[PDB]
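The structure under discussion appears below in the form of structure tokens.
There are 2 protein chains.
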Amino acid sequence: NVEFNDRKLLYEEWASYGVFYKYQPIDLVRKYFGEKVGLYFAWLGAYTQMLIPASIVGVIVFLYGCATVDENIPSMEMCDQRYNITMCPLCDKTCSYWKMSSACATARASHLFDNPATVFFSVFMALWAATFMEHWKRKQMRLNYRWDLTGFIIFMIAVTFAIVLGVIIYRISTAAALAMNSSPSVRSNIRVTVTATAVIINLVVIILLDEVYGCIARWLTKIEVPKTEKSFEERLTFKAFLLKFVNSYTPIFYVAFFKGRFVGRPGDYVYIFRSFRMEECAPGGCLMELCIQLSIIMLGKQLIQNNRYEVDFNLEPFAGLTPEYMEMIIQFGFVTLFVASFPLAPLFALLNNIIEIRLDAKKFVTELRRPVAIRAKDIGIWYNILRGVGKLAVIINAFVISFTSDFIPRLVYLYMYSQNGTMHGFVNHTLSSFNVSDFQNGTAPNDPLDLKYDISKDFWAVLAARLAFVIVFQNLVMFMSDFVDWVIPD
Amino acid sequence: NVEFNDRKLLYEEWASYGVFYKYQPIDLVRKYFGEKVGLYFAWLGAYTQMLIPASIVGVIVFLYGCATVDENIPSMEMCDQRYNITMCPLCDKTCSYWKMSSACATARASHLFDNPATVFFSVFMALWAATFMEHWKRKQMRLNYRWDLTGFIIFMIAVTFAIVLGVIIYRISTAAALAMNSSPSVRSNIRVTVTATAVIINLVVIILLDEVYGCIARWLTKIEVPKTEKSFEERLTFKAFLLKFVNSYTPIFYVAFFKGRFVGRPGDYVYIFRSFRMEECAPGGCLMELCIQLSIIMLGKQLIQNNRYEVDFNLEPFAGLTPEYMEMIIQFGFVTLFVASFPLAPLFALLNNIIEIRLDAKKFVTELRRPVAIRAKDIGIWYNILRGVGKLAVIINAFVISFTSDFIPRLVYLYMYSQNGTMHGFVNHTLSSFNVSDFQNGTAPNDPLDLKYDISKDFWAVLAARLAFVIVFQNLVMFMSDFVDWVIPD
Ligand SMILES: [Ca+2]
Ligand SMILES: [Ca+2]
Numbered sequence: 292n293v294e295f296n297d298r299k300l301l302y303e304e305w306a307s308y309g310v311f312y313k314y315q316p317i318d319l320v321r322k323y324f325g326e327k328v329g330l331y332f333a334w335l336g337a338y339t340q341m342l343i344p345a346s347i348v349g350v351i352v353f354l355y356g357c358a359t360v361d362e363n364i365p366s367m368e369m370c371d372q373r374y375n376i377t378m379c380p381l382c383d384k385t386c387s388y389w390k391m392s393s394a395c396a397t398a399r400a401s402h403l404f405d406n407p408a409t410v411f412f413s414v415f416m417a418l419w420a421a422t423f424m425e426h427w428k429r430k431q432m433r434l435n436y437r438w439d440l441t442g443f497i498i499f500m501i502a503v504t505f506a507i508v509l510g511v512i513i514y515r516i517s518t519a520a521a522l523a524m525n526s527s528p529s530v531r532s533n534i535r536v537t538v539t540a541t542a543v544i545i546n547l548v549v550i551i552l553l554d555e556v557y558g559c560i561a562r563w564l565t566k567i568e569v570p571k572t573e574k575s576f577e578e579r580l581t582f583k584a585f586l587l588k589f590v591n592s593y594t595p596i597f598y599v600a601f602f603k604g605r606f607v608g609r610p611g612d613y614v615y616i617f618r619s620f621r622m623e624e625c626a627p628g629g630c631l632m633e634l635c636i637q638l639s640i641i642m643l644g645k646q647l648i649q650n651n686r687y688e689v690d691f692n693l694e695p696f697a698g699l700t701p702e703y704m705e706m707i708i709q710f711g712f713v714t715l716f717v718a719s720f721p722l723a724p725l726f727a728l729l730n731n732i733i734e735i736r737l738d739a740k741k742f743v744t745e746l747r748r749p750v751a752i753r754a755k756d757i758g759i760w761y762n763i764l765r766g767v768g769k770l771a772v773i774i775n776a777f778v779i780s781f782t783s784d785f786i787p788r789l790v791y792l793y794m795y796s797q798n799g800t801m802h803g804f805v806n807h808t809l810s811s812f813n814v815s816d817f818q819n820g821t822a823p824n825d826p827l828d829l850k851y852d853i854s855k856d857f858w859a860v861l862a863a864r865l866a867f868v869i870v871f872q873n874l875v876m877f878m879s880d881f882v883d884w885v886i887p888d
Numbered sequence: 292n293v294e295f296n297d298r299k300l301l302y303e304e305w306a307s308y309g310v311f312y313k314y315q316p317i318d319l320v321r322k323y324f325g326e327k328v329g330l331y332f333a334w335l336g337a338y339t340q341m342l343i344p345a346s347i348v349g350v351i352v353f354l355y356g357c358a359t360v361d362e363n364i365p366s367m368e369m370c371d372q373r374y375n376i377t378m379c380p381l382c383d384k385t386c387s388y389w390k391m392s393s394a395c396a397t398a399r400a401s402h403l404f405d406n407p408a409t410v411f412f413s414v415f416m417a418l419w420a421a422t423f424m425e426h427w428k429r430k431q432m433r434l435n436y437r438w439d440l441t442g443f497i498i499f500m501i502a503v504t505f506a507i508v509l510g511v512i513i514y515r516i517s518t519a520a521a522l523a524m525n526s527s528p529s530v531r532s533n534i535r536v537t538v539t540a541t542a543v544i545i546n547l548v549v550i551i552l553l554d555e556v557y558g559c560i561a562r563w564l565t566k567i568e569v570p571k572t573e574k575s576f577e578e579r580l581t582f583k584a585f586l587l588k589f590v591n592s593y594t595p596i597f598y599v600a601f602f603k604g605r606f607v608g609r610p611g612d613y614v615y616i617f618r619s620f621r622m623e624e625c626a627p628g629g630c631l632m633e634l635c636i637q638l639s640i641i642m643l644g645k646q647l648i649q650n651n686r687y688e689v690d691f692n693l694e695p696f697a698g699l700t701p702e703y704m705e706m707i708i709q710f711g712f713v714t715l716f717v718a719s720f721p722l723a724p725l726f727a728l729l730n731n732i733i734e735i736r737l738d739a740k741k742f743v744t745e746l747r748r749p750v751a752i753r754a755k756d757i758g759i760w761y762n763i764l765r766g767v768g769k770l771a772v773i774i775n776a777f778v779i780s781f782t783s784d785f786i787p788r789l790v791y792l793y794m795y796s797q798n799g800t801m802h803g804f805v806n807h808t809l810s811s812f813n814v815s816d817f818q819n820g821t822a823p824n825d826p827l828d829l850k851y852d853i854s855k856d857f858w859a860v861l862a863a864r865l866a867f868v869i870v871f872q873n874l875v876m877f878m879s880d881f882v883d884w885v886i887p888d
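First to last, the sequence lines map onto chains A and B.
Just so we're aligned: the first sequence equals residues 292 to 443, 497 to 651, 686 to 829, 850 to 888 in full-length UniProt numbering.
Just so we're aligned: the second sequence equals residues 292 to 443, 497 to 651, 686 to 829, 850 to 888 in full-length UniProt numbering.
Written out as structure tokens, the structure is:
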């Protein structure tokens, strides 16, 4: 049945348009391919199945996004008429009412969600990622338990990270490449497609630069000479992962945190409100949620949109499972580390990962022609990374969520002194922009009102609650995950 | 050798004045007493031995405290002449210069340390406690590994915690009991001994109330009826521990955090500076470090200062090892959870624990007359608590250390604009008290200078860095402990 070993893995692992729609034969992969090869699919099967509860709620958070802001309209009106104000000292009879309508359309996607919708799903997903950490740990105690029964100097690396983390203008060059590849100055779909193009300019060159680090890490680990060939690869991954970590996520880390930070431009209100790209592209909306919304979409989708044994010598060799491990944990850190801005990040992984099983199943049958049946153990070298990413999960998204949806639910608690918490708690969408542009550019300029001097002290009050949210978050969610670590495996 | 079983544990475990000075025969305890009984002494042996590196540095932090503030005198002068100012609107020819000299003596102990001495040892000890968590884990993998080879409704509880955490005026009554048991109004040694007395009034009654919770927890767990008698005791500890946790540490949790918080008294500078206990006891120094210094001393020391078998029926029974487990983890949480104010908390545990081996060794030979040789396994039901206390360690002392020694190393970075970071960085001891009384009573009253309104916004700036220190702390020290969790057991 060596032919039927191919055929049952040809036919039942054929489809590559969508689901197989028969079953998911993870056992058949372990019947043939091997416990190294099978525990990649067993994980990616379990990862696909556990994205289904996550993706449905991402639709419900879309539905609680879409319906509860179209029906009662509490955060379109307050959010379109926020951005109707954000250019009122830009007008002065020169290019008056342009980017507001662009800004009023960004707020339909961004400010659809902020305070209930982003936050409740993130606390869910960080618990879910810890649950998925726990459920896979029980699945390790069910699949590897089933598998164990069937078995019967280093400153050069820190130099290269300063190189690789110094490779950020390379993103800004690609952010400038699409600024001249098409160069439109419009508001309907210009900024949507130009930032779509630059991510595509990134993903082409980053994958070219992803192959650079492999030739960097292989010669560098051969220079260090570890004696054991097992820990040689273990040093090789942790070298090359951290290279590919800081290759792949540093565009996002730039645009989540550092692209918005570190900038305060002088010339108060008359010159603060205008001077971004000469008043035409986007001082209507800075809104860095969308640049994280648009990037992870193209980062999630275009893994697809780019891609008797005498003939077996004519083809590329096997053992590409350590990039394959890596290729999905780059996507696991897209889901879990960054689910605050857009919550359908499971489904853009889910629609992806349905093909990505069958894309990689077909890549292991009709390509990469040596199914060795290696059957080694211990995927845990990435599970150590995954928990560490999961430890970074409750840190990083708490540093994502507590800089976007904590402007407003404390500005409930300044201007609503008399009457409300929620109902006229939507009135403090706008006046936070009348305060100004809520970042470091925006809590500073009320000194021409009162006579950066004193009003940049209300910046600290949010920055208190910014830091107070995280210290509540990574303590509760590490305590909520202290529940889930004990409930499941017994 | 049944007599010699007694005699070798009589004679080699006799001394009870200090060290045995022969050896520490942990094996002989496991040769006779049992792996339940022995792994208490094996832990308390390892806990005593690992306090020796901690206690020496506590002397060095005392030496870096004592010498570097007596020789160069940079934080006596700046700290005595801080407190020479803190009553200058109290004087007004009525009880002028009294409590300054009391305050100038509190600052010799408190402000001996703050910014280098407390902080460097805490980061050391929180790493050390994680190291001691790791070293005992390797000792578990060496002692229990040696031992495993030789082996061949619940709302009623949450009601009672609201009772027990509601039992805090009981501390304040004992804080008022010593206020009338002697009632002096002096400054040399009145506040030192009155607060020494009230802790003694606590430790008498708390131990009386510690026995109350056992009769509470035993009937309450018998009311819940767990079927398995093993998990019956496991529910019993976690009921009674959390009772004795909130019995014992809630005086400290009160005086660390909540006794200083939640109080802002109106009537600015003329009435703010004076109105604590009518200007005679201690508006010279509030200084809640000492109340945590003095309490843990009496909490650490006075475990001592209060305390052919026909005759065996005339004595109290065995199986008091679950309070004995508890009695030391109350002391482990004295060391690790609270080492920021006074750093010799290892040595006041160390001098204690040298006797506390021989006190409890003699209590198991000449008293409690049944050494059953039970030899059961798994101390880990408290190791789960201990890591949880150790997880609370990096939280709580970061909430201890970042409210005392973060007044000043950011007030380096207000008034030293021109010339210094450290040398005239001692000049901002005083002006923080000229700001006022650095807590919530103290960042508020500059509104009669400028015309609570606006100057309570520099409170947030510290409260930023208060929260910013913790979020640096419990992330770095959980990353520094990510090193130590991998270095030792391989
Ligand atoms: Ca793939
Ligand atoms: Ca004892």
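Virtual Cβ for every residue (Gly too), placed ideally from N, Cα, C.
{"Item": "Short check: CB of residue 301 (chain B) to CB of residue 757 (chain B), under 8 Å?", "Value": "no"}
{"Item": "Using C-beta distances below 6 Å, list every residue in its chain close to residue 352 (chain A), excluding the 5 sequence neighbours before and after it, in chain order.", "Value": "408, 412, 721"}
{"Item": "Tell me whether the beta-carbon of residue 644 (chain A) lies closer than 8 Å to the beta-carbon of residue 727 (chain A).", "Value": "yes"}
{"Item": "Against chain B, which members of the stretch 859-875 of chain A pass a CB distance test of less than 7 Å?", "Value": "859, 861, 862, 865, 866, 868, 869, 873"}
{"Item": "By DSSP, does residue 511 (chain B) sit in helix, in strand, or in coil?", "Value": "coil"}
{"Item": "Report the residues of the stretch 764-792 of chain A with a CB closer than 7 Å to any CB of chain B, ordered along the chain.", "Value": "773"}
{"Item": "Is the CB-CB distance between residue 859 (chain B) and residue 858 (chain A) below 8 Å?", "Value": "yes"}
{"Item": "I'd like the list of long-range same chain contacts for residue 696 (chain B), defined as Cβ closer than 6 Å, with 5 residues on each side in sequence excluded.", "Value": "746, 748"}
{"Item": "By Cβ distance below 6 Å, which residues in the same chain neighbour residue 863 (chain A) in space, the five residues on each side in sequence not counted?", "Value": "784, 788"}
{"Item": "Take every Cβ of the stretch 697-717 of chain B, pair it with every Cβ of the stretch 865-884 of chain A, and state whether three or more of those distances are shorter than 8 Å.", "Value": "no"}
{"Item": "Thinking just about the alpha-carbon of each residue, which of B:523, B:361, B:360, B:544 is nearest to the one in residue 592 (chain B)?", "Value": "B:544"}
{"Item": "So, are the CB atoms of residue 807 (chain A) and residue 794 (chain A) less than 8 Å apart?", "Value": "no"}
{"Item": "What would DSSP say about residue 443 (chain A), mapped onto helix, strand or coil?", "Value": "coil"}
{"Item": "Since residue 825 (chain B) meets chain A, which of its residues come closer than 8 Å, beta carbon to beta carbon?", "Value": "Those within 8 Å of residue 825 (chain B) in chain A number zero; the least Cβ separation is about 13 Å."}
{"Item": "For residue 638 (chain A), is the beta carbon positioned less than 7 Å from some heavy atom of ligand 1?", "Value": "no"}
{"Item": "Is the Cβ of residue 855 (chain A) closer than 8 Å to any Cβ of chain B?", "Value": "yes"}
{"Item": "Measuring straight from C-alpha to C-alpha, what distance separates residue 361 (chain A) and residue 539 (chain A)?", "Value": "27 Å"}
{"Item": "In whole angstroms, give me the CA-to-CA distance for residue 506 (chain A) and residue 499 (chain A).", "Value": "11 Å"}
{"Item": "Looking at ligand 1, does it come within less than 7 Å of residue 702 (chain A), judged from the CB to the closest heavy atom?", "Value": "yes"}
{"Item": "Could you name the residues of chain A that residue 852 (chain B) contacts, counting a contact when the two beta carbons are closer than 7 Å?", "Value": "852"}
{"Item": "Do the CB positions of residue 317 (chain A) and residue 332 (chain A) come within less than 8 Å of each other?", "Value": "yes"}
{"Item": "Throw me the rounded Cβ distance for the residue 373 (chain A) and residue 396 (chain A) pair, which I believe falls under 8 Å.", "Value": "Not a contact, Cβ separation roughly 13 Å."}
{"Item": "Using only CA atoms, which one of A:441, A:633, A:743, A:686 lies nearest to residue 694 (chain A)?", "Value": "A:743"}
{"Item": "Three-state secondary structure (DSSP) at residue 807 (chain A)?", "Value": "coil"}
{"Item": "May I ask you to check if the CB of residue 705 (chain A) is nearer than 7 Å to at least one heavy atom of ligand 1?", "Value": "yes"}
{"Item": "Taking three-plus beta-carbon pairs below 8 Å as touching, is the stretch 525-539 of chain B in contact with the stretch 563-573 of chain B?", "Value": "no"}
{"Item": "What is the DSSP secondary structure of residue 872 (chain A), reduced to helix, strand or coil?", "Value": "helix"}
{"Item": "Can you give me the Cβ contacts of residue 725 (chain B) inside the same chain, cut-off strictly under 6 Å, excluding the 5 residues immediately before and after it?", "Value": "346, 349"}
{"Item": "Indicate, with yes or no, if ligand 1 has a heavy atom lying under 7 Å from the CB of residue 738 (chain A).", "Value": "yes"}
{"Item": "How about residue 627 (chain B) and residue 391 (chain B): do their beta carbons lie closer than 8 Å?", "Value": "no"}
{"Item": "Would you check if the stretch 813-824 of chain B and the stretch 607-622 of chain B touch, i.e. whether three or more CB-CB distances between them fall below 8 Å?", "Value": "yes"}
{"Item": "Could you check if residue 734 (chain A) belongs to the surroundings of ligand 1, using beta carbon to heavy atom distance under 7 Å?", "Value": "yes"}
{"Item": "Quick one: is the Cβ of residue 635 (chain A) within less than 7 Å of any heavy atom of ligand 3?", "Value": "In terms of ligand content, the structure shown lacks ligand 3 and carries ligand 1 and ligand 2 instead."}
{"Item": "By the three-class DSSP mapping on this structure, what secondary structure does residue 815 (chain A) have?", "Value": "coil"}
{"Item": "For the alpha helix (DSSP H) holding residue 341 (chain B), just list the boundary residues, first then last.", "Value": "326-361"}
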